[PDB]
Amino acid sequence: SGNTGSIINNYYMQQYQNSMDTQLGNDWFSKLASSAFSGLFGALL
Amino acid sequence: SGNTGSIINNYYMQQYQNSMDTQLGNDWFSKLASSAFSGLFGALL
Amino acid sequence: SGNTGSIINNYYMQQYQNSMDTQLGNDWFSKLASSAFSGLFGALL
Amino acid sequence: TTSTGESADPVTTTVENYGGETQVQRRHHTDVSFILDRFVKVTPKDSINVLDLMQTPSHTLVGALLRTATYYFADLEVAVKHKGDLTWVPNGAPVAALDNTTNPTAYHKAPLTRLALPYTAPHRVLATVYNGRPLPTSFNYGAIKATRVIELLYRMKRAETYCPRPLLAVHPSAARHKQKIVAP
Amino acid sequence: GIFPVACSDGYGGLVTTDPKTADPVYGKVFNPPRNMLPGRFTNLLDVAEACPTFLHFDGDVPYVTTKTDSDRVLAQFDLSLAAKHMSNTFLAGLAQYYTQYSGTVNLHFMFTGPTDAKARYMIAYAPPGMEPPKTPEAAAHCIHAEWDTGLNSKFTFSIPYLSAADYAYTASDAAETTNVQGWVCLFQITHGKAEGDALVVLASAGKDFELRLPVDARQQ
Amino acid sequence: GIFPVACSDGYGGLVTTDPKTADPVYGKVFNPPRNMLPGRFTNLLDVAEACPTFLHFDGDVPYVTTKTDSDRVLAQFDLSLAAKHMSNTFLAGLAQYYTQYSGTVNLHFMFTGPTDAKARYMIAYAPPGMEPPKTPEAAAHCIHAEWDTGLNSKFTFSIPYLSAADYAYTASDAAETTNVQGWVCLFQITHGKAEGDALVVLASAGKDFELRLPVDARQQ
Amino acid sequence: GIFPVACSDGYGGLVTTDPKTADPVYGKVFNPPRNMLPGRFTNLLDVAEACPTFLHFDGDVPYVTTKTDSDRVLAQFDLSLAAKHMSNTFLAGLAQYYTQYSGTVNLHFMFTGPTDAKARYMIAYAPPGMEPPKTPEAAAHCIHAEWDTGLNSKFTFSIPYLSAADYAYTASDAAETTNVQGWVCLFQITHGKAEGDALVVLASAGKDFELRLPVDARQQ
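Sequence order for the protein chains is 4, 4', 4'', 1, 3, 3' and 3''. A prime marks a further copy of an entry chain.
Positions 15 to 39, 65 to 84 (the authors' numbering) are the ones given, in order, by the first sequence.
Positions 15 to 39, 65 to 84 (the authors' numbering) are the ones given, in order, by the second sequence.
Positions 15 to 39, 65 to 84 (the authors' numbering) are the ones given, in order, by the third sequence.
Positions 1 to 132, 157 to 208 (the authors' numbering) are the ones given, in order, by the fourth sequence.
Numbering follows the authors' numbering, in which position 192 of the fifth sequence is assigned residue number 192; successive positions increment by one, without gaps.
Numbering follows the authors' numbering, in which position 87 of the sixth sequence is assigned residue number 87; successive positions increment by one, without gaps.
Numbering follows the authors' numbering, in which position 60 of the seventh sequence is assigned residue number 60; successive positions increment by one, without gaps.
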């Protein structure tokens with residue numbers, strides 16, 4: 015969550031601290072790393 | 015509620031912060072915007 | 015616990031205050072002092 | 001671990017192929033919203049200058065882990081050594097606006113003046129490169169003016185990026201890029 | 001020992017838009033009652049929607065007269081809240097203190113001819129990229145809509161909001177001569193004994209107009 | 001009396017990496033939606049593992065050609081994230097902003113010869129203390145592993161992490177010419193009608209690569 | 001209004017031994033594991049009790065030889081942790097950084113003669129006020145205790161702590177030549193064919209040694 019290291023809630027409200035997000039209606068490259076094939080591809084001896 | 019963005023109650027009392035209101039016994068232009076006719080006025084085809 | 019003498023938890027989080035320790039899988068010289076033989080070694084009169 | 005190479009499918013074989021045993025690998029210092037929050041310093045201009053996240057140099061730590069992501073969104077922070085009455089217009093204000101006091105204006109108070117201003121732009125997410157090098161006018165955060173701006177710093181908050189881009193290390197003439205390291 | 005604090009550096013300056021409030025000096029004041037004073041408005045866009053205002057066509061009048069010659073275009077103007085045809089109207093007077101906008105802008109067309117004069121009009125919306133249309137036959141591929149004069153005088157057509165970027169500016173820099181938003185053209189198809197009549201126009205905020213990023217910048 | 005505090009001495013300076021956050025001035029901003037934009041990556045090592053990149057062998061090409069002469073060594077290089085053979089690759093470009101590392105580094109070897117050309121290769125890892133091997137018969141006592149070309153082209157061998165100290169540097173000071181980490185040698189055992197072919201190589205992060213102590217130090 | 005505080009006067013200076021802690025700048029560091037490293041000691045007196053160290057008798061040797069002449073005193077010295085006979089030992093090296101002490105100090109006497117040599121010794125403790133004894137017959141009214149050499153070599157006698165004031169200094173000012181703590185005398189009663197033998201001595205902390213008021217004052 016970045017360089018934020020206080021255990022007290024900031025004095026100012028959330029909407030005044032930063033831009034409030036809006037919705038309509065790492066995400067992908069972390070799905071790629073888990074898909075990585077790692078097992079042996081041939082018959083081990 | 016204007017540029018007031020603290021989550022802590024102000025140190026001073028309410029009556030010392032600002033003039034206390036008195037009662038006897065947007066309000067209207069917002070009633071006007073809802074009265075606005077928007078439907079079709081004729082027979083649609 | 016060293017020269018730390020406040021009764022309030024420090025404002026910053028634990029991980030930002032100092033390096034978090036890691037585990038794998065006075066300790067010894069205090070075991071030595073308790074092992075110290077002190078009784079009489081001969082027959083008292 | 002032979003597998004079809006012309007497939008762009010990631011294949012990460014591990015040390016357990018010949019008896020090894022992978023220790024635990026924890027990565028906190030390499031996150032994308034933890035490494036960008038560090039006050040990179042930009043070459044400050046004269047009286048009036050614009051808050052564009054691309055005038056930061058391309059060889060810093062924030063300027064170079066930013067030109068590795070095609071798109072990015074991040075709130076901002078500054079800390080300037082204004083010699084005057086610095087003001088700040090939002091994105092898209094007529095450049096004659098930063099002469100009026102109704103706009104957010106900080107008064108002089110030694111030594112710095114640290115502000116935390118939001119992200120205001122029409123586009124849902126900015127971009128480092130643009131296939132129209158000059159980017160459009162719409163890509164910025166605002167413009168500050170003072171009598172004489174002395175210092176300026178950028179610290180992105182809540183940063184989140186998409187669509188990575190190449191990073192380049194320095195090319196050494198020798199076989200290995202040797203240099204000094206601190207030593208007692 | 002006293003509670004020790006660390007006076008932070010680069011804080012506390014008098015920012016002109018800080019959320020803090022000052023400390024009082026007088027206190028204990030009861031003001032006269034204001035229960036239900038007539039005509040209070042809370043938001044500045046509420047008055048913009050409920051009350052339309054005139055445009056500024058050629059000359060000083062807010063109306064366009066009917067063209068009896070070979071021409072068919074009455075008047076076409078840019079779709080910008082800084083345009084000349086919208087110089088002095090509430091919606092364009094309020095939208096100079098804000099930077100960006102996104103929404104619909106209704107247009108109210110009101111015919112003020114005699115009882116024995118008839119006419120038919122068209123209004124079309126041309127987006128950026130192509131030069132605006134010049135004939136009604138070449139403008140019928142837009143989002144046009146036609147109306148006919150009769151018992152009911154006024155007809156209101158609300159031009160849509162189409163834009164790549166989510167929000168659009170309320171200004172026009174000199175570097176951009178392309179008029180990034182587009183045009184809005186108004187044509188007169190035909191008319192019957194309608195010499196020298198008048199079609200006064202108006203303009204009002206839409207049902208979902210949004211205005212944001214306030215900047216008071218050099219008007220008064 | 002007011003709550004008395006003691007302004008501490010030697011505190012509050014603007015440290016470039018403080019966890020504090022500044023106080024706002026504008027507030028009340030709703031930005032456009034970004035629900036599910038394609039291709040977001042959260043960590044910088046996630047992209048390093050899922051996407052390999054080429055090395056920089058002699059000349060400018062990233063491939064090594066097959067040696068038909070008495071020699072058997074293709075190319076051997078230091079095991080350092082600052083080495084020349086890894087000059088311009090993502091894993092060595094990212095690891096210049098961090099001081100120390102600890103983990104495995106996969107190597108992907110891909111053979112691009114004709115259908116009627118065959119070859120056999122070996123890659124071995126020589127630790128510090130002894131000069132690197134120069135013949136395959138003298139390198140078979142390392143952690144080597146051999147592969148053969150055929151239907152499946154690519155073979156990926158992940159060199160291990162062996163070090164006395166728990167973490168290792170991502171730099172090479174001039175005082176240390178010993179190459180404290182070691183070498184990684186790549187030999188070609190034999191080949192059949194494989195004149196002038198190519199074996200392009202790649203390099204990717206391991207399954208447990210760890211990178212830490214960030215320092216942005218004079219690259220851009 | 002903001003919470004009003006009163007910046008107190010005469011507070012906040014950087015005292016070299018304040019209990020406060022500084023504010024961080026870097027954060028998020030995981031150091032290598034140290035589970036059960038061998039030989040950790042927590043307190044500095046624990047090592048003083050479990051490990052004795054030699055004294056410094058005449059010359060440089062730590063042992064006293066057996067006196068065959070009419071004399072009977074081997075060596076008597078002050079009871080002070082600054083005395084010369086305790087110049088270079090752990091217990092007197094550690095007790096120069098502290099001002100006061102209170103407890104017992106064990107003495108370990110170890111006889112290193114041949115198999116056919118026998119001896120008998122006495123150690124007595126003389127408090128302040130009277131000059132120290134000079135003959136064993138005149139020292140038998142102290143807290144003495146005698147031992148005899150044989151199968152078991154070492155004998156350990158722990159001189160007590162007697163003092164009017166509750167704690168005693170670990171220094172000796174020039175103004176006080178009286179040696180406020182006292183003496184500790186060591187006599188040799190008799191010996192049989194014990195010419196030129198050796199009785200090495202040691203010194204260790206007691207079971208209830210207490211050391212306090214730390215002051216680092218001009219040794220290194």
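Positions of the beta carbon are idealized from the N, C-alpha and C atoms, including for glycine.
Between the CA atoms of residue j and residue i - distance to the nearest angstrom
| i | j | result |
| --- | --- | --- |
| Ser80 (chain 3'') | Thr170 (chain 3'') | 7 Å |
| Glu137 (chain 3) | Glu176 (chain 3) | 30 Å |
| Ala6 (chain 3') | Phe3 (chain 3) | 6 Å |
| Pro208 (chain 1) | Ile21 (chain 4') | 50 Å |
| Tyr26 (chain 3') | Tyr30 (chain 4) | 7 Å |
| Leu115 (chain 1) | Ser7 (chain 1) | 49 Å |
| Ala183 (chain 1) | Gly129 (chain 3') | 45 Å |
| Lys45 (chain 1) | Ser70 (chain 3) | 58 Å |
| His56 (chain 3'') | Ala203 (chain 3'') | 11 Å |
| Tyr130 (chain 1) | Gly19 (chain 4'') | 57 Å |
| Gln55 (chain 1) | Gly78 (chain 4') | 52 Å |
| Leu84 (chain 4'') | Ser15 (chain 4'') | 47 Å |
| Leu162 (chain 3) | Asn31 (chain 3'') | 56 Å |
| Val15 (chain 3') | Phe39 (chain 1) | 9 Å |
| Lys70 (chain 4'') | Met36 (chain 3'') | 14 Å |
| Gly13 (chain 3'') | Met27 (chain 4'') | 25 Å |
| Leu107 (chain 3) | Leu91 (chain 3) | 12 Å |
| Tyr25 (chain 4'') | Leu186 (chain 3') | 55 Å |
| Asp18 (chain 3) | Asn91 (chain 1) | 19 Å |
| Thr53 (chain 3') | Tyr11 (chain 3) | 46 Å |
| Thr185 (chain 1) | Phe34 (chain 1) | 12 Å |
| residue 225 (chain 3'') | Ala165 (chain 3'') | Nothing about residue 225 (chain 3'') can be reported from this structure: the residues present for chain 3'' run from 1 to 220 only. |
Simplified DSSP state of residue i, which is helix, strand or coil
| i | result |
| --- | --- |
| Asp216 (chain 3) | coil |
| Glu6 (chain 1) | coil |
| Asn106 (chain 3') | strand |
| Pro24 (chain 3') | strand |
| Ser69 (chain 4') | helix |
| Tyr125 (chain 3) | strand |
| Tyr18 (chain 1) | helix |
| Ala193 (chain 1) | coil |
| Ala83 (chain 3') | strand |
| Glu131 (chain 3) | coil |
| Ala119 (chain 3) | strand |
| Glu137 (chain 3') | helix |
| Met54 (chain 1) | coil |
| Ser20 (chain 4') | strand |
Span of the alpha helix (DSSP H), counted from its first residue to its last, around residue i
| i | result |
| --- | --- |
| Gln29 (chain 4'') | 28–31 |
| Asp46 (chain 3'') | 44–50 |
Opening and closing residue of the beta strand (DSSP E) in which residue i lies
| i | result |
| --- | --- |
| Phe90 (chain 3) | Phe90 (chain 3) -> not in any beta strand (DSSP E); alpha helix (DSSP H) instead, spanning 90–94. |
| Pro188 (chain 1) | 181–188 |
| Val61 (chain 3') | Taken as a continuous stretch (DSSP letters only), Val61 (chain 3') belongs to no beta strand (DSSP E), as it is neither H nor E. |
| residue 225 (chain 3'') | Nothing about residue 225 (chain 3'') can be read from this structure; chain 3'' reaches only from 1 to 220. |
| residue 229 (chain 3'') | With chain 3'' covering only 1 through 220, there is no way to say anything about residue 229 (chain 3''). |
| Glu146 (chain 3') | 145–148 |
| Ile168 (chain 1) | 167–169 |
| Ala6 (chain 3') | 3–7 |
| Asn49 (chain 1) | 48–50 |
Whole beta strand (DSSP E) elements within the region 67–95 of chain 1, 3-residue minimum: Fully enclosed beta strand (DSSP E) runs of 3 or longer: 69–75, 87–89.
In chain order, what are the residue ranges of uninterrupted beta strand (DSSP E) at least 3 long that sit wholly in the region 160–196 of chain 3'? The qualifying runs are 183–192.
Just checking, does the region 179–187 of chain 3 make contact with the region 112–119 of chain 3 on the three C-beta pairs under 8 Å criterion? no
For the region 60–67 of chain 3 against the region 190–199 of chain 3, are there 3 or more C-beta pairs whose distance is under 8 Å? yes
Any contact between the region 83–93 of chain 3'' and the region 145–154 of chain 3''? By contact I mean 3 or more CB pairs, one from each, below 8 Å. no
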